[PDB]
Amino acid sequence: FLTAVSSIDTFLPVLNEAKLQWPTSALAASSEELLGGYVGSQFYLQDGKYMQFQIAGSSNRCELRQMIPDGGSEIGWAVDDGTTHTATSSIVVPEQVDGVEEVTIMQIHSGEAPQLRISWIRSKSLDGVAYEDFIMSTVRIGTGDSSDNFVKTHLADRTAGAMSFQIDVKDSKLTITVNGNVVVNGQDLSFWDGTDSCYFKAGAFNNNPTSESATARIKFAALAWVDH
């Protein structure tokens, strides 16, 4: 069998606060299953150190979904409870195979929609400017589909080496730090005031592929979800 992610110590904190959704939003593994050696080609320990996610198909996923710690049920929190909700990661985004066009690697999501997606995208115009092979944040400030519902940002060009991300939510404001540099500073999340169902996700969620068989692949050297 492939080497289980839980066979080393590095990811036990987040696995203790997560369920795995694969290949859809349906449950693949409970937190205890993840802590107890759940493994497959979709989710395995890579190079002896990376929690790697693989998924093919339009809107299919291999994603960790934040849970109440120590075997609890699905968590939900508010963007303005006065604390800081923080997701931190270190991610190696390899060159994606042909047919893979956008891969969501971290999210904030609620009962209704994604407040935030951090995704790799092959090519995209943002605010009149073309970018290629880069990491993007997409923030919802509305629930519609038109441009004004989103704030989209070039976070960084994709690197060969590990890229660190810190997502901070405090007092209805979102900060994203990339390789130690603040890139998004205090994006307004006020539209979500009143919502108590937010949670982190991370892994690989495949968006608008050109081929249903092309497999997205994302490696995490680190991932943690904390409340301060």
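In case it trips you up, residue 1 is the first one in the sequence shown, and so on.
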item: Segment of higher mean CA temperature factor, 1-9 or 217-225; value: 1-9
item: Greater mean Cα temperature factor according to the PDB record, 69-77 or 142-150; value: 142-150
item: Which of 31, 172, 164, 46 ranks first by CA B-factor in the deposited coordinates; value: 172
item: Residue, from 116, 105, 130, 135, that the PDB entry assigns the highest Cα B-factor; value: 130
item: Within-chain third of residue 203 by Cα B-factor, per the entry; value: lowest
item: Chain-wide C-alpha B factor ranking for residue 50, given as lowest, middle or highest third; value: lowest
item: Record-listed C-alpha B factor of residue 185: chain third; value: highest
item: CA B-factor ranking of residue 126, expressed as a third of its chain; value: highest
item: Position of residue 39 among the chain's modelled residues by C-alpha B-factor, lowest, middle or highest third; value: middle
